[PDB]
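**Q** What follows is a single structure, and I will ask about it in a moment.
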Amino acid sequence: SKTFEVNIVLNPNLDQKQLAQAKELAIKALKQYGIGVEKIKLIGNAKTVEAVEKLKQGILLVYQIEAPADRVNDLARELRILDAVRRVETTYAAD
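Mapping of the sequence shown onto the authors' numbering: residues 1 to 95, in sequence order.
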């Protein structure tokens, strides 16, 4: 496994409860890849460029994770399973 970053974009019109639930569910997905919960960031007023096209802002939820390259596609898929989520992007990071 290598250092890896995932970026989840959520509808900014969601309740704090709904967002919290989406976060928990996202974690429950990630855990299935052996991913922990040690380094997590969220910006609740993020104006994601891929969101503001239709939305007001576009909430930026980020996990700093460790995963093999093979599971990158699977990570992206599961993170998109939610209705709260509008978009997921991925990238590799240095160790």
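The C-beta atom is built at its ideal place from N, Cα and C for all residues, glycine as well.
1) What's the C-alpha gap between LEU61 and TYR33?
2) Check this for me: beta carbons of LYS2 and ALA67, under 9 angstroms apart or not?
3) Would you call the CB atoms of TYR63 and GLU24 closer than 9 angstroms?
4) Please state if the CB of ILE65 and the CB of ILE35 are separated by a distance shorter than 9 angstroms.
5) Give the secondary structure of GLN18 by DSSP, where H, G and I count as helix, E and B as strand, and everything else as coil.
**A** Straight from the coordinates:
1) 18 angstroms
2) yes
3) no
4) yes
5) helix
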